[PDB]
Each structure stands twice: as structure tokens, then as C-alpha cells.
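One structure is given below, encoded as C-alpha cells.
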Amino acid sequence: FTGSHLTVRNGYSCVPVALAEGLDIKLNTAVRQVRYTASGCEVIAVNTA
DNA sequence: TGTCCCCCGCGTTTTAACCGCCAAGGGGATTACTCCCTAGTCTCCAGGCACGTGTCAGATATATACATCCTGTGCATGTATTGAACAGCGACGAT
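Structure follows, in C-alpha cells:
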């Protein structure tokens, strides 16, 4: 890309926190298995706590 | 047009050309004499030329490979141009 190199003066985490506005995110949820078949998918996940 | 040098002109130095006169024999010119050689003449015939003929060395036509002659691509390199990334200075608000 052209131009100079720039930084985020106030921490770059302001982007993903703003992008998460209005979404249905399941925090503290680790995925174990991922099942995929011809008629659908099934995701097995557990709680990190 | 521009340079460098190669002759031209001129004074002074060096050489032998030129003339005048004598001394000598080498060789060319001239004559007299003899015979060997060539022009002229005749007869004899084959060497040389015209004429005819047969054919292969060479000119002609047509197809291909070789040479070359010149212009147009490429390359490479240097240079010019432009964009970008270092560098102000000052006014403002936040601390």
C-alpha cells in the first residue's frame, strides 16, 4: 500500500469492539468438534469456565 | 579555414666545367680480287586449300542454393523528471 506508515493512537481494539455492535457473539465458548453433512452442520462447543 | 613545413630567394663558399693546344694510334673508309651464293629458268608433284559432312563442346532456358547488402528490431547506459519522505514554524488545547 502507498503512503506513510501509521498507528492507532488510542489502541486498535476500538475496531473489533465497534464491529461487534449488534452481533450475537458467544463469549467464553471454545469449539470442540465441527460436524458437516449433506443436509446441515453441527458445531459442538464447551464453556471455558 | 587553419596549421605546419617545404621550397624560394639570396649571400657566401666550393668545385669542376670549359677552353685552348698538343700528342698519338684506333679504327673506319676505300680499293682491289675471288668465289660462294642467290636470281633466274625449267620440270616434277605433293603439300595445302576448297568442299562436303558428321557431332559434340558450348550456348540457352529454367530451377535452386549461396552471398550479401542494408534496414530494423533488440540491447544497454546515461540522464532528466517526478514523487515521496525526511527535514520547519506557529497556533491551539490539554495537562
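The first sequence maps to residues 24 to 72 in my numbering. For each residue, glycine too, the CB sits at the ideal point set by N, CA and C.
Own chain partners of residue i with C-beta closer than 7 Å, once the 5 adjacent residues on each side are dropped
i, result
"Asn-70", "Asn-51 and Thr-52"
"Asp-47", "none"
"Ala-72", "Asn-51"
Separation of residue j from residue i, as counted between CA atoms
i, j, result
"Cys-37", "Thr-30", "13 Å"
"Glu-44", "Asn-33", "19 Å"
"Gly-26", "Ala-41", "25 Å"
Contact set for residue i: own chain, Cβ-Cβ below 8 Å, skip 5 residues either direction
i, result
"residue 7", "Because the chain in this structure spans residues 24 to 72, residue 7 falls outside the shown range and cannot be described."
"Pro-39", "none"
Contacting residues, own chain, Cβ-Cβ under 6 Å from residue i (five flanking each side not counted)
i, result
"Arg-58", "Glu-65"
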